[PDB]
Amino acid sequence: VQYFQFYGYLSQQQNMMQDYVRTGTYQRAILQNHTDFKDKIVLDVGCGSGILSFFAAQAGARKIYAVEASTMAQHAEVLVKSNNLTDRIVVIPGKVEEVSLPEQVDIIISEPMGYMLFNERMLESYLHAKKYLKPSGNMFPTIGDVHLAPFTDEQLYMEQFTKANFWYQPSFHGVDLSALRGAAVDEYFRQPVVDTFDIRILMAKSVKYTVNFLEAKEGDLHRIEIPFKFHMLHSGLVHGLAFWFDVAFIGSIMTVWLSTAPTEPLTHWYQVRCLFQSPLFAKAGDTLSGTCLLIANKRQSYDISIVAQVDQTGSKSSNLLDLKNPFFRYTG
């Protein structure tokens, strides 16, 4: 509930700000689309530091309502004063779903993307605020693609068992821990892995899943069924699925893309890998079918259910992951 404490620290805000791909692209998108802003009314949902509102101001917006739920709002307000933008940017402390704007807006801007795009469940707030949009008003970003794909990583699916095996000692300071080995394995396999990777570990082309923020409703995000049918370009043991995302700022003048793909430069979102507990053997030619099912939970996250089978063999694999507790493997 109070993960807003997390967003209160300037250090956390700094982290996002310093992601040049993230913050630069946002700026590019807005100023390169100045007509979507010149003397328009704006809603910045979750402004934090304010940076996005400050960009909307650069592009000529008349009025920008910058809503922030955390105590980061106080510093947003201090910033609007020293920049002398009190005439154009209004900070509103609170949640979008609880505060009241004095006016309908022309465009909504926000950076509500989490790991796997959906993590933190802020996109539901983004959508929630369409209640303030003027009809035919725009949203920045406008759409998001989630990509997923099969990977082969033997060493990653091995770290998992090497770790768990602490619990396979028959005499730790004289205690037999081996009865707990199974539960340890299970814990590590419930953890989505956060780092990047060589793109060569991929075994099929991604399949994408599109959310259009102009059309989608707040409740479309409680249950995200991602059906997949892969056509394996390479033979090997498949150790799980890799996920990444792209967002799109469709402006009047131009479409700008902010991509978090293994191919584009690295961002603070890295990529997310979900291991299978049973590797599937596939060969080039085969189809890897299943569905990835994302079920919104109480801890502002998603229960991930991944069912996959190789159509030719028929051998199958099913895994359940806990997105609120990931493993950050990124070191260098």
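In this text, residue numbers run from 1 along the sequence as written.
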| item | value |
| --- | --- |
| 286 to 294 versus 46 to 54 - which carries the larger mean C-alpha B factor in the record | 286 to 294 |
| Stretch exceeding the other in mean C-alpha B-factor - 305 to 313, 14 to 22 | 305 to 313 |
| Per the PDB entry, maximal CA B factor within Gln27, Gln271, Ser70, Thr35 | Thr35 |
| Selection from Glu111, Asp145, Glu159, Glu124 [criterion: highest C-alpha temperature factor in the record] | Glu159 |
| Cα B factor band for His173 (lowest, middle or highest third within the chain) | lowest |
| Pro262 - which third its CA temperature factor falls in, relative to the rest of the chain | lowest |
| Third of the chain's Cα B-factor distribution that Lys208 belongs to, per the entry | middle |
| B-factor third for the C-alpha atom of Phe230 within its chain | highest |
| Chain third (lowest, middle, highest) by recorded CA B-factor, residue given as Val247 | lowest |
